[PDB]
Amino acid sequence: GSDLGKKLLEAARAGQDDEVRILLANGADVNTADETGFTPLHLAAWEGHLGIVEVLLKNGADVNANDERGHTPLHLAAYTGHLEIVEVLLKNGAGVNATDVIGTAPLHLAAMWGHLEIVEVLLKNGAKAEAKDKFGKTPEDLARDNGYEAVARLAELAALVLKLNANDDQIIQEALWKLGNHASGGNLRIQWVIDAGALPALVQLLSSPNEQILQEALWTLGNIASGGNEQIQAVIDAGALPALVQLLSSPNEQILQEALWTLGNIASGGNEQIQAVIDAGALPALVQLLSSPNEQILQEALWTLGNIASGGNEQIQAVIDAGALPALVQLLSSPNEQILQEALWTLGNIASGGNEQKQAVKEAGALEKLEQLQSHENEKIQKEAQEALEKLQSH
């Protein structure tokens, strides 16, 4: 008539390893429940008795037993910060997204206390970071900015990067949307995207025939390329330039615009990074796009060329050798005042080179038009024409 169930509950909670073993051998119900539904596994998880947790599971304990609140052993181990028990429970099939009667999941309980190693393990095993409880609170809400956000962000970005390798374009697309959102965050977020390993996957996606994938991938890449020179170098080192140059032949004008914007951002870096753009063969396509009827594409190519021409004399000469000057001089007759200003800036950069570069500018007939625009009634164009003529005339 011994109450083996009661004795087992008490032995499990007290950490009496030998007594648990003996009670189980004598037929105690491993899934005994107390007055509010706690099983021996609940109590051992709460108290942190790893050996007893393992013995109970070996003897068939229900890893997902619910008490009357809906708490599982995983809830209790997460709440109490018992990391090794969390791992053992998950290894034995614990429900990582189980919710109690008010919608609380194990991740909520780990986050609220700052059990950040458990947070990491739960996320690694598929815990949902956006899970909301009865009052709309996510685990992030309950963490109160205790370091949870960095751990969750690391996990969210690495999962998004892995989805870029999926074999469904819709999975790739929705992941690119979220990565694009992160890249939109500017310098305070972009390094997290780089550190998640996104750049190689983004570059590889530039071979996709799916134009929506190309558009979202380029959007993310261009924003990363708007960072510092070390971030530009990561884009280059990921292999972006040959793929970007290929896309300058795209029939899609949005892809064309985004590719030029990304190339212009890269070309806004250091001299070696300008040289990478040249070495990838971008200049022929850039010069051809100066004839584009689309003014946004025209202006984006103009700006990229001006950035390239902000480099050394040999890089300026590469622009000249690609035939840019006749097209640039033509653009000084543009009715559009933005294109006129950007053409003056690019030509001024070219004119800031050496004697050889200055001579090509004069032979292209730029002096006639620079001195004419020196008196232009628009002050901005007047400035650029003045400064450009100065660069041409100095040294």
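All residue numbers are counted from 1 along the displayed sequence.
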Checklist entry - Given the B-factors recorded for C-alpha atoms, which segment has the greater mean, 79-87 or 141-149? => result 141-149
Next on the checklist: Quick check on the record: does 16-24 or 379-387 carry the larger mean Cα temperature factor?
Outcome noted: 379-387
Checklist outcome for this item: Among 181, 97, 317, 250, the highest C-alpha B-factor in the PDB entry belongs to 250
Checklist entry - Among 117, 195, 295, 156, which carries the highest Cα B-factor? => result 295
Next on the checklist: Quick check for you: using the entry's CA B-factors within this chain, is residue 307 in the lowest, middle or highest third?
Outcome noted: middle
Item to check | CA B-factor ranking of residue 336, expressed as a third of its chain | outcome: highest
Item to check | Ranked against its chain, the third holding the CA B-factor of residue 313 | outcome: middle
Item to check | residue 284 - Cα temperature factor, lowest/middle/highest third of chain | outcome: middle
Item to check | Chain-wide C-alpha B factor ranking for residue 359, given as lowest, middle or highest third | outcome: highest
